[PDB]
Amino acid sequence: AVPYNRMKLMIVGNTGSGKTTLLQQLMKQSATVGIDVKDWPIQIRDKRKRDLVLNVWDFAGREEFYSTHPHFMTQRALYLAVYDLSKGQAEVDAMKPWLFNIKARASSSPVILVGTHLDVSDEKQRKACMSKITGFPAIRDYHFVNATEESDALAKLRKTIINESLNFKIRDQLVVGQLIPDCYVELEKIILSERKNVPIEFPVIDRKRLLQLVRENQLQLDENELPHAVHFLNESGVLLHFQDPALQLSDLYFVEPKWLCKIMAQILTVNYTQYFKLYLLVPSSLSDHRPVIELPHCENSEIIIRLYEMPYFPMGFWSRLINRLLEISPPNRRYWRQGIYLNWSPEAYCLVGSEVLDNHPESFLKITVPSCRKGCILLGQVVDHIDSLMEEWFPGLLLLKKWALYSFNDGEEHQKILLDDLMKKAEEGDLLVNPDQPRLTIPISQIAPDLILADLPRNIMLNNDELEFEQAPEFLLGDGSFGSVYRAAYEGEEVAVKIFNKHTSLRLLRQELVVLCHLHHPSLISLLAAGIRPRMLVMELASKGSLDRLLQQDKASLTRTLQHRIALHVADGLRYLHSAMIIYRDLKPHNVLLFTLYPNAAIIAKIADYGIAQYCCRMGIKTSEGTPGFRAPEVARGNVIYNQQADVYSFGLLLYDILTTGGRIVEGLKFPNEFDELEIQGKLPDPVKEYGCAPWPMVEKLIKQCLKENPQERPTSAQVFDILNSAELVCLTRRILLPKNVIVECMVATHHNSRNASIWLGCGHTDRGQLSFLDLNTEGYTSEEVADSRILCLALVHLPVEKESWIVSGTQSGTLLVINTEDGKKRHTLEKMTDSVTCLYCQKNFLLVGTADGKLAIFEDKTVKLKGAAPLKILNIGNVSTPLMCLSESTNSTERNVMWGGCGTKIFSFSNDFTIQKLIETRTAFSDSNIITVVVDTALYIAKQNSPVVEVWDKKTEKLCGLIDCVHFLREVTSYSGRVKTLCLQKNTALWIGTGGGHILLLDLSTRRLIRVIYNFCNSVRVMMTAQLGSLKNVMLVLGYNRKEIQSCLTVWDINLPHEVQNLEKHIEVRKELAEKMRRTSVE
Ligand SMILES: Nc1nc2c(ncn2[C@@H]2O[C@H](COP(=O)(O)OP(=O)(O)O)[C@@H](O)[C@H]2O)c(=O)[nH]1
Ligand SMILES: CNc1nc(Nc2cn(C(C)(C)C#N)nc2C)ncc1C(F)(F)F
């Protein structure tokens, strides 16, 4: 609670007047380039008044530094002002724009003023004007004194700061007597000490260093209170934490404010510094003459002329104007400091640039185009750009008064009539009349074509004789705070007219039209006509209604594909928008219209109501708009300036609205305090936990990845459109995780629909064999070690005899365990085979157990109730060196009597007669291996371990047909792990290859044509099968490995994946011929 008395006293002195020498003769050069921060203490007469140390900032006056200065005129500062008196009131006039800049930039700062050079001060001349001076700031004194011999009343700054504790208070608080805790002064001291060791040519530090040292010094600085502390320390004037996300300076921290200021000379003397945000951005070097450039069309009628009457050119105005107006994609440029001259041809050229030959002290901006049509488009674009600029960065100007210079009779001077009356004179009726002679008349289309909307293409022109809507409130739709969208016809159509309200400034209509009439796309609603007589808009009436009351009402039509269409077409719209420097800031689920609820359409969403879409270059925006609940975080704290990534957060919120199927918006339509509790961050639940939805675990991974606070950690709109354009994201259903230090190499589902999924997981990591039992809809991992050796294979048979079901296992020790699927305690162990257990598999129901010794082990389905038995004879169809681990079933006409398989490195088959009807060895390189699985759709696709190839032997000719290599197919994904540890088959579409390298391979069936390849989610694929789920078929389990900590995910894949990767690819192929057919018309 120590009183920390420190505040800046930036002595802002116009050039030449001696701004430096005054403080030189107060405390104790030639041209002080940039800011020069000295230091200065105070020991007042009353010793109880603590040290009032003041970080003096000694600014400069050369216009380049005028332009680079106005970002360091912060609050908590007692300014000054200096002006010579030998030049009399002229210096007062010259300092008047500077005082205006002061009162514009800083409002809570007193402004003393002082003269200089009392040796030649003719105060009787300018005294009257100086008294008449006191929009200005609160001038509090006038002490015109000498410069070198300080004999007048000086040191009054102390008596005007220490007594200004409450007379200069930051919102009634204490400035010079702020009882600040010890933590803040601790941080200040440690930074002031560490200022040395950090390099001197570019002193910067990382926030991680600050945290590490604060922990090393036990500063007791909490991470949730650290940014407020560093912000106060910044505003004190010892370091500069530029936390502006539009500048990306949120990480790098600065320790020497003295250094940041004296870089203007370093950069005008003619890395990673390349962000000079204060093509090229060196406005110091620009010449400041009136160049030798003459208009081609030099008359009083052939050229339009606009004007702008402004009190004071704001510090850093012309810089922003040129940096904006060097967008040249709508050109021999000759831009000096102020007046850019965008020449194209003798037909169209916009010559912006000031003019002060007005016989008056005011400052005049002017625009000039030759009065053909292209000139009118140019003028009606530059007016929009200048008005956006002046409405975003410099709100104080709107004082501003327009001026349109028309000419009644050619070959004479032009009169001056302003737009606040021309608006009415052109809204009542066209053909502006000449009061002197009524026979003389001029058109309002070659005087100011930004007032009749003639600066737009000729196709979008109203046809009011065919707009038959009555204003009757029966036809009503949304009311977006500016208009009210009715339902109407237009020459025969369904069109949603948007009549504007009683009084709306035409700037709004142009704010909407400049985005609706330039960039076309099949995801952005397309304007049909826009008049001016009632100031209306006509937009293509979206049939199926806005999204909000399709969420609240029609929850049945909302499938799990449509939820990825109305979240992909919107991402398309956002990508196109942000690709042309427009930002939207309004993407809420009341503003996504629909056109068709049939899933596989082509145009399903189209954004609308572009009420607040402003232009946003790399500089950014400074205002704060939107709507509570759907606003970006940094929009709330309106002080910071943001850019085109305060929109992707709105998209994340829309996505959380969609995934919840309208639970957040309906539970928050009661109290907007609930919807604004998370307006910054930190109050969003995990969706599946509460609202009862179904999982979607490649969206939940994105929904947090585009929701973070740090405006650089969020994706760019392209990157958040190239994650949804992948059929790997629509076709999962779940993703479970298993504990640490456990593997899985044996799986059996339960199609009997006890809980519709009661997946067992045989494992053998330890010596004893474990037997997990996972439930799907609840995720209960109730493992139980009930075996002595590894559990190689499991199998299930739901006995129809007495409606039973008894899961059966197998052991590496060669034992046949049996457990009741319903009775948790029945260990009806059967007769152990003569060797180990290799595989098992299920009319004629019988367990076709496979042993390591190469002998077929068969049982009886009815022999389950027994306790130890060898039901049917063993068929030793192999040797000790033949591992009989192959078993499978048949699919061709479901003829299970054609049950295939293969004994070791050899293929065989049999029937219910149990005789080998065919035995074909596979001795035909990799042939020194064994066999894993066979599958029969039309032939036998046979896999084998450590093989980048899978063979194809036919069941009718018994010969090789083709060799479908795997590593060859994977040769363009990135000595590879291109093995095939598993091989599952769909019903009648395509193969499903599972590669131990961590890649699903959706090989198709026709000849060899690949369809896609899945990657970057696992590290291996242990065992794959196909089961049922929730009374419905079509799921495809996959057991991914993570290997060193072993993690065995258990994914769930919909089996409609092939026709997905096809359908969605055809869809995206369709609408990208439209996205170029529509767009190419806008250039034409
Ligand atoms: N003749 C005269 N010259 C002065 C007086 N006070 C200051 N100067 C000159 O003004 C110069 C300082 O200008 P300066 O304040 O640095 O200009 P700035 O950098 O644009 O602010 C010094 O070189 C002095 O020679 C004065 O009372 N009489
Ligand atoms: C946002 N306003 C618009 N709304 C629509 N579609 C729409 C149709 N209905 C109903 C249910 C009445 C029907 N049929 N409701 C809505 C929101 N189309 C166009 C717009 C537009 F022009 F304002 F963008």
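Numbering of residues starts from 1 on every chain and follows the written order of that chain's sequence, so it may differ from the entry's own numbering; residues lacking coordinates are omitted. Lettering for chains starts from A, numbering for ligands starts from 1, and both go in the order in which the items are written. Only hydrogens and water are set aside; all other atoms, that is, all heavy atoms of the structure, feed into the side-chain values. Residues with missing side-chain atoms are left out of burial classes, side-chain pairs and their counts.

Caption draft 1: A look at the overall build of the protein. Put simply, DSSP marks the helices as runs of H or I at least four residues long and the strands as runs of E at least two long, and each gets a number from the N terminus on. A tally of helices and strands in the protein yields 25 helices and 39 strands. Two things to know: the radius of gyration comes from C-alpha atoms, and the globule rule equals 2.2 Å times the number of residues to the power 0.38. A compact globule built from 1084 residues would reach a C-alpha radius of gyration of about 31 Å, whereas the protein, at 40 Å, exceeds it by more than 25%. In terms of principal-axis extent, the alpha carbons of the protein reach across some 130 × 85 × 55 Å.

Caption draft 2: Inspection of the pairing of strand β34 (residues 991-995) at higher detail. In short, DSSP must find at least two bridges between two strands for them to pair. As paired strands, strand β33 (residues 982-985) and β34 are joined by 4 bridges and run antiparallel to one another. Along β34, the bridge assignment pairs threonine 982 with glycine 994. Once β33 ends, the chain turns through 5 residues before running back antiparallel as β34. Two strands pair when backbone bridges link them, and β34 and strand β35 (residues 999-1001) are joined in this way by 3 bridges, in the antiparallel orientation. Looking across to β35, one finds that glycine 994 is bridged to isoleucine 1000. Counted between consecutive antiparallel strands, the loop separating β34 from β35 contains 3 residues, among which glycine 998 sits at a positive phi close to 95°.

Caption draft 3: Quick peek at the packing of helix α6 (residues 182-194) against helix α8 (residues 226-236). Angles run from 0 to 180 degrees between N-to-C directions of axes, and those axes are lines fitted to C-alpha atoms, restricted for helices to the stretch in contact. Taken N-terminus to C-terminus, the directions of α6 and α8 make an angle of 65°; their axes are 11 Å apart at the nearest point. Classed by the angle they form, the pair α6 and α8 counts as roughly perpendicular. Classified by chirality, the crossing of α8 by α6 is right-handed. Across the interface between the two elements, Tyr184, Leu187 and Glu188 from α6 touch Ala229, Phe232 and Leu233 from α8. When its residues are assigned to classes, the contact of α6 with α8 shows 5 nonpolar, no polar and 1 charged. Between 65 and 115 degrees an angle is taken as roughly perpendicular, under 35 as roughly parallel, over 145 as roughly antiparallel, and anywhere else as oblique. By convention, the crossing between two helices is left-handed when the near helix turns anticlockwise from the far helix through less than a right angle, and right-handed when the turn is clockwise. Contact criterion: two residues are considered in contact whenever any of their non-hydrogen atoms come within 4.5 Å of each other. Residues are grouped as follows: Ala, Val, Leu, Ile, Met, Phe, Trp, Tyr, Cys and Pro are nonpolar; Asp, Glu, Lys and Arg are charged; all remaining types, including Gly, are polar.

Caption draft 4: Geometry of the packing of helix α12 (residues 373-392) against helix α14 (residues 506-516). Where α12 contacts α14, the two axes come as close as 11 Å, and the packing angle between them is 110°. With respect to their mutual orientation, α12 and α14 come out roughly perpendicular. As α12 runs across α14, the sense of the crossing is left-handed. Contacts between α12 and α14 involve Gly380, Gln381, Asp384, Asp387 and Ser388 on the former and, on the latter, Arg507, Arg510 and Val514. Per-class residue counts for the contact of α12 with α14 are 1 nonpolar, 3 polar and 4 charged.

Caption draft 5: The packing of aromatic side chains, seen in detail. Here the aromatic rings of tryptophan 57 and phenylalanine 72 are separated by 6.2 Å at their centres, their planes lie at 75°, and the arrangement is edge-to-face. Separated by 15 residues along the polypeptide, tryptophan 57 in the loop between α1 (19-27) and α2 (63-68) and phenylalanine 72 in the loop between α2 and α3 (89-105) bring together distant segments of the chain. Here a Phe, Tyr or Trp ring, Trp counted by its six-membered ring, pairs with any other such ring whose centre lies within 6.5 Å, and the pair is stacked when the planes are under 30 degrees apart, edge-to-face when over 60, and tilted otherwise. A centroid spacing of 6.4 Å and a plane angle of 35° characterise the contact between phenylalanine 313 and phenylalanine 317, whose relative ring orientation is tilted. Through a chain of ring-to-ring contacts, three or more aromatic side chains come together here, namely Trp57, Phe59, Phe72 and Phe242. Any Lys NZ or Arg CZ found within 6 Å of a ring centre and within 35 degrees of that ring's normal is scored as a charge over the ring. We note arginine 320 situated over the ring of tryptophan 393; from NZ or CZ to the ring centre the distance is 4.5 Å. Taking the ring centre of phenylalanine 595 as reference, the NZ or CZ of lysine 606 above it sits at 4.9 Å.

Caption draft 6: Molecular detail of the sheet that holds strand β32 (residues 960-965). Strand order in the open sheet made by the 3 strands is β30-β31-β32, with antiparallel pairing throughout. Each end of this open sheet is capped by a strand with a single partner; those strands are β30 (940-942) and β32. Strand-to-strand, the axes of this sheet are offset by a mean angle of 20°, without reference to chain direction. Bridging between strand β31 (residues 949-953) and β32 involves 4 bridges; their strand directions are antiparallel. Paired with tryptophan 953 across the bridge in β32 is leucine 960.

Caption draft 7: Fine view of unusual backbone geometry. In this structure, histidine 117 takes a positive phi of about 55° despite not being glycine. Among the structural elements, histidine 117 can be located in the loop between α3 and α4 (123-133).

Caption draft 8: Geometry of the sheet that holds strand β25 (residues 848-851). Taken in spatial order, the 4 strands line up as β24-β25-β26-β27 in an open sheet, and their pairing is antiparallel. Both outer strands of the open sheet, β24 (837-839) and β27 (875-876), are each paired with one neighbouring strand and no more.

Caption draft 9: Seen up close, the domain arrangement of the protein. For every domain, the bounds stem from an assignment made automatically or drawn from a database. Once the domains are mapped, the protein shows domain 1 (2-179), domain 2 (181-256), domain 3 (303-428), domain 4 (464-540) and domain 5 (548-717). Placing the centre of domain 1 and that of domain 3 at their C-alpha centroids yields a distance of 36 Å. Each partner contributes to the interface: domain 1 provides 12 residues, whereas domain 3 provides 7 residues. At the level of secondary structure, the elements contributing two or more residues to the side of domain 1 that touches domain 3 comprise α2 and α3. Among the elements that line the side of domain 1 that touches domain 3, the one with the most residues is α3, at 5 residues.

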